[PDB]
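Colleague: So I pulled this structure from the PDB, and the sequence comes with it:
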Amino acid sequence: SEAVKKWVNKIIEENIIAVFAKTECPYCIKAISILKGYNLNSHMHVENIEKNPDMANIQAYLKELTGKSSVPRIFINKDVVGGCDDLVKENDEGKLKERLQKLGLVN
Ligand SMILES: [Ba+2]
Ligand SMILES: [Ba+2]
Ligand SMILES: [Ba+2]
Ligand SMILES: [Ba+2]
């Protein structure tokens, strides 16, 4: 149990933009595309947690951290963004750009 948590943590802490996704997931794809549209590829990690023997443990931990077990699950500098709909709200209302500017990721 500790092992799974430590592995998830490492992904979130070693990558400024961390996205947990699954196979053939339209809102995963959309969210990742939005983020790459800010040229964040170099600070981005996408983990497919469906292709993983411990998917349920990972999803349960992501729910403990964020309130939902669904993918996509999106972290920016360890802060919880949430899912694709959360990302879209932040993007449309200017908060996403604000976040990225404070990190030096967008001018
Ligand atoms: Ba399918
Ligand atoms: Ba990368
Ligand atoms: Ba298993
Ligand atoms: Ba199992």
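Modeller: The structure has been received and is ready for your questions. Numbers count the residues shown, from 1 in each chain. Ligands and ions are numbered 1, 2, ... in the order given.
Colleague: How about the secondary structure of the most centrally placed residue in the chain?
Modeller: With distances taken as Cα atoms, centre = their mean, the residue of the chain nearest its centroid is residue 74 (2.1 Å). Following DSSP: H, G, I helix; E, B strand; the rest coil, we place residue 74 in the strand state.
Colleague: For it, give me its contacts.
Modeller: Taking Cβ atoms under 8 Å, 6 or more residues apart in numbering, we find residue 74 in contact with 17-20, 31, 35, 80-84, 86-87. Where C-beta positions appear, they are placed from N, C-alpha and C, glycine not excepted.
Colleague: With respect to residue 42, which of those is nearest?
Modeller: Residue 42 lies nearest to residue 17 out of the contacts of residue 74, by Cβ to Cβ, at 9.5 Å.
Colleague: out of the contacts of residue 74, who's nearest residue 46?
Modeller: Distance to residue 46 across the contacts of residue 74 (Cβ to Cβ) is lowest for residue 19, with 4.7 Å.
Colleague: now for the host helix or strand of that closest one, which elements pack on it?
Modeller: Taking DSSP states H and E as the criterion, residue 19 maps to strand 17-21. Under the contact definition 3 or more Cβ pairs under 8 Å, 6 or more residues apart in numbering; DSSP states H and E, strand 17-21 sits against helix 2-14, helix 26-36, strand 44-48, strand 73-76.
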